[PDB]
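The file run.txt contains compact mmCIF, N, CA and C atoms:
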```txt
# COMPACT_ATOMS: atom_id res chain seq x y z
N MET A 1 2.49 11.35 -14.65
CA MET A 1 1.66 11.07 -15.83
C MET A 1 1.14 12.39 -16.48
N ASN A 2 1.21 12.52 -17.79
CA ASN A 2 0.71 13.74 -18.44
C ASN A 2 -0.54 13.52 -19.31
N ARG A 3 -0.80 12.28 -19.85
CA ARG A 3 -2.03 11.94 -20.59
C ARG A 3 -3.30 12.19 -19.74
N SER A 4 -4.02 13.34 -19.96
CA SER A 4 -5.06 13.85 -19.08
C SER A 4 -6.26 13.03 -18.61
N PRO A 5 -7.04 12.43 -19.49
CA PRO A 5 -8.28 11.77 -19.05
C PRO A 5 -8.15 10.43 -18.33
N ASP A 6 -6.99 9.83 -18.31
CA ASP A 6 -6.70 8.46 -17.92
C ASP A 6 -6.11 8.25 -16.52
N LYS A 7 -5.94 9.41 -15.81
CA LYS A 7 -5.18 9.38 -14.60
C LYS A 7 -5.68 8.59 -13.41
N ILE A 8 -7.00 8.62 -13.24
CA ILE A 8 -7.60 7.98 -12.13
C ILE A 8 -7.71 6.47 -12.45
N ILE A 9 -8.03 6.10 -13.71
CA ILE A 9 -8.17 4.70 -14.15
C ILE A 9 -6.85 3.93 -14.09
N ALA A 10 -5.75 4.50 -14.54
CA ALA A 10 -4.39 4.09 -14.39
C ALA A 10 -3.85 3.90 -12.96
N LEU A 11 -4.19 4.84 -12.07
CA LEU A 11 -3.90 4.77 -10.67
C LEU A 11 -4.58 3.57 -9.96
N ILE A 12 -5.83 3.41 -10.39
CA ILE A 12 -6.49 2.15 -10.12
C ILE A 12 -5.73 0.87 -10.65
N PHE A 13 -5.24 0.88 -11.93
CA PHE A 13 -4.57 -0.25 -12.53
C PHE A 13 -3.23 -0.62 -11.75
N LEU A 14 -2.52 0.43 -11.31
CA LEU A 14 -1.31 0.33 -10.54
C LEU A 14 -1.57 -0.20 -9.22
N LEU A 15 -2.53 0.30 -8.38
CA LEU A 15 -2.93 -0.10 -7.02
C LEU A 15 -3.40 -1.57 -6.95
N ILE A 16 -4.29 -1.98 -7.87
CA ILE A 16 -4.64 -3.39 -8.01
C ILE A 16 -3.47 -4.35 -8.50
N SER A 17 -2.62 -3.86 -9.41
CA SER A 17 -1.44 -4.55 -9.80
C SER A 17 -0.46 -4.68 -8.63
N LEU A 18 -0.30 -3.63 -7.86
CA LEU A 18 0.49 -3.64 -6.66
C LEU A 18 0.05 -4.66 -5.52
N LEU A 19 -1.19 -4.67 -5.12
CA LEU A 19 -1.98 -5.63 -4.37
C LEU A 19 -1.79 -7.11 -4.82
N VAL A 20 -1.98 -7.42 -6.10
CA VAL A 20 -1.48 -8.65 -6.73
C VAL A 20 0.03 -8.97 -6.49
N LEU A 21 0.95 -8.01 -6.74
CA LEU A 21 2.37 -8.22 -6.44
C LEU A 21 2.59 -8.60 -4.99
N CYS A 22 1.95 -7.85 -3.95
CA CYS A 22 2.21 -8.07 -2.58
C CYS A 22 1.80 -9.48 -2.22
N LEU A 23 0.67 -9.89 -2.71
CA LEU A 23 0.07 -11.14 -2.40
C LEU A 23 0.81 -12.30 -2.95
N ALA A 24 1.29 -12.17 -4.22
CA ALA A 24 2.08 -13.20 -4.94
C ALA A 24 3.46 -13.36 -4.36
N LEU A 25 4.05 -12.24 -3.82
CA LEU A 25 5.27 -12.25 -3.02
C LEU A 25 5.06 -12.92 -1.70
N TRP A 26 3.98 -12.60 -0.93
CA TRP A 26 3.85 -13.05 0.41
C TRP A 26 3.51 -14.58 0.52
N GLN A 27 2.55 -15.03 -0.25
CA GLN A 27 2.09 -16.35 -0.17
C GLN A 27 1.73 -16.94 -1.57
N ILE A 28 1.48 -18.27 -1.61
CA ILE A 28 1.09 -19.06 -2.76
C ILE A 28 2.08 -19.19 -3.83
N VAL A 29 2.72 -20.35 -3.89
CA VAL A 29 3.73 -20.71 -4.85
C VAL A 29 3.09 -21.42 -6.07
N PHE A 30 3.43 -20.96 -7.27
CA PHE A 30 2.91 -21.40 -8.51
C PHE A 30 3.94 -22.36 -9.23
```

Can the structure from this file be put into structure tokens for me?
Amino acid sequence: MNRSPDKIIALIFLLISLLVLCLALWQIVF
């Protein structure tokens, strides 16, 4: 990532998005 002020907030967005992916993969069918 090169856009300077947003790096930590984005890393947060990815980690929580990732956590959602793991959970939606592992259990609970929609």

Apply DSSP to the structure's backbone, then extract all residues of chain A labelled alpha helix (DSSP H) and return them as an NGL selection string.
:A and (7-26)

Quick one: distance from atom CA of residue 7 of chain A to atom CA of residue 22 of chain A in Å, one decimal?
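Computing the Euclidean distance for atom CA of residue 7 of chain A and atom CA of residue 22 of chain A yields 22.4 Å.
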
Using all atoms of segment 7-21 of chain A listed in the file and a margin of 5 Å per side, can you give the axis-aligned box centre and edge lengths in Å to one decimal, as lines of an AutoDock Vina configuration file?
```
center_x = -2.8
center_y = 0.2
center_z = -10.1
size_x = 20.8
size_y = 28.4
size_z = 21.4
```

Interatomic distance between atom C of residue 6 of chain A and atom N of residue 21 of chain A?
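A separation of 20.2 Å between them.
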
What separation in Å, quoted to one decimal, exists between atom N of residue 12 of chain A and atom C of residue 26 of chain A?
23.0 Å

Generate N, CA, C and O atoms for segment 12-29 of chain A and emit them as a compact mmCIF listing (two decimals), keeping the file's coordinate frame.
```txt
# COMPACT_ATOMS: atom_id res chain seq x y z
N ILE A 12 -5.83 3.41 -10.39
CA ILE A 12 -6.49 2.15 -10.12
C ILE A 12 -5.73 0.87 -10.65
O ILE A 12 -5.62 -0.05 -9.90
N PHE A 13 -5.24 0.88 -11.93
CA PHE A 13 -4.57 -0.25 -12.53
C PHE A 13 -3.23 -0.62 -11.75
O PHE A 13 -2.89 -1.78 -11.45
N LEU A 14 -2.52 0.43 -11.31
CA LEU A 14 -1.31 0.33 -10.54
C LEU A 14 -1.57 -0.20 -9.22
O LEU A 14 -0.79 -1.12 -8.82
N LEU A 15 -2.53 0.30 -8.38
CA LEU A 15 -2.93 -0.10 -7.02
C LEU A 15 -3.40 -1.57 -6.95
O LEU A 15 -2.92 -2.32 -6.07
N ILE A 16 -4.29 -1.98 -7.87
CA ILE A 16 -4.64 -3.39 -8.01
C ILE A 16 -3.47 -4.35 -8.50
O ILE A 16 -3.24 -5.38 -7.88
N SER A 17 -2.62 -3.86 -9.41
CA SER A 17 -1.44 -4.55 -9.80
C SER A 17 -0.46 -4.68 -8.63
O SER A 17 0.05 -5.72 -8.40
N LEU A 18 -0.30 -3.63 -7.86
CA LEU A 18 0.49 -3.64 -6.66
C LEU A 18 0.05 -4.66 -5.52
O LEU A 18 0.90 -5.40 -4.96
N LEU A 19 -1.19 -4.67 -5.12
CA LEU A 19 -1.98 -5.63 -4.37
C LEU A 19 -1.79 -7.11 -4.82
O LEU A 19 -1.32 -7.91 -4.08
N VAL A 20 -1.98 -7.42 -6.10
CA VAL A 20 -1.48 -8.65 -6.73
C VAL A 20 0.03 -8.97 -6.49
O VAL A 20 0.33 -10.11 -6.12
N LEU A 21 0.95 -8.01 -6.74
CA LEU A 21 2.37 -8.22 -6.44
C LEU A 21 2.59 -8.60 -4.99
O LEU A 21 3.22 -9.61 -4.78
N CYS A 22 1.95 -7.85 -3.95
CA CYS A 22 2.21 -8.07 -2.58
C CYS A 22 1.80 -9.48 -2.22
O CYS A 22 2.44 -10.25 -1.53
N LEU A 23 0.67 -9.89 -2.71
CA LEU A 23 0.07 -11.14 -2.40
C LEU A 23 0.81 -12.30 -2.95
O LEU A 23 0.90 -13.39 -2.30
N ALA A 24 1.29 -12.17 -4.22
CA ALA A 24 2.08 -13.20 -4.94
C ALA A 24 3.46 -13.36 -4.36
O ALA A 24 4.03 -14.38 -4.41
N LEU A 25 4.05 -12.24 -3.82
CA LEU A 25 5.27 -12.25 -3.02
C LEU A 25 5.06 -12.92 -1.70
O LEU A 25 5.87 -13.68 -1.22
N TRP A 26 3.98 -12.60 -0.93
CA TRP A 26 3.85 -13.05 0.41
C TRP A 26 3.51 -14.58 0.52
O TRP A 26 4.15 -15.32 1.27
N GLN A 27 2.55 -15.03 -0.25
CA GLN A 27 2.09 -16.35 -0.17
C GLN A 27 1.73 -16.94 -1.57
O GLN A 27 1.55 -16.24 -2.54
N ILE A 28 1.48 -18.27 -1.61
CA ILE A 28 1.09 -19.06 -2.76
C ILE A 28 2.08 -19.19 -3.83
O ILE A 28 2.27 -18.30 -4.67
N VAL A 29 2.72 -20.35 -3.89
CA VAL A 29 3.73 -20.71 -4.85
C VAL A 29 3.09 -21.42 -6.07
O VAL A 29 2.25 -22.34 -5.97
```
